[PDB]
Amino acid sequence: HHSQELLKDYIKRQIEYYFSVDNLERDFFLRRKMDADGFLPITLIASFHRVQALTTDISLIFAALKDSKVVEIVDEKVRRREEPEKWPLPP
């Protein structure tokens, strides 16, 4: 539906904010959960308050992120496309 495309757009922009440089410079929790290549489980992102308010439908979260030039998906993990390896921190 148009409703579902609109919701996908809000989800997309919310998660793109988490992976923005502006957020990453202060988001020590997110960086501590990255693996050494920058990847995080998409299901971890799904638990964040502003995403979980919008949806609990994991297919909708994946579909929103397929549409993104900010992030890259491999299987069930997601990372910032640009220089992701610079951001991980010790757990």
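All residue numbers are counted from 1 along the displayed sequence. Each form is matched to the other, and the largest set of C-alpha atoms that superpose within 1.5 Å is called the rigid core.
Relative to the displayed structure, the C-alphas of 65-73 lie farther away on average in 8 other deposited structures of this protein than those of the other candidate, with 15-23 and 65-73 compared after rigid core superposition. Higher average CA B factor: 61-69, of the stretches 35-43 and 61-69.
Note on 73-81 vs 9-17: mean CA B-factor is higher in 73-81. Residue-level temperature factors show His49 in the middle third of its chain, judged at the C-alpha atom.
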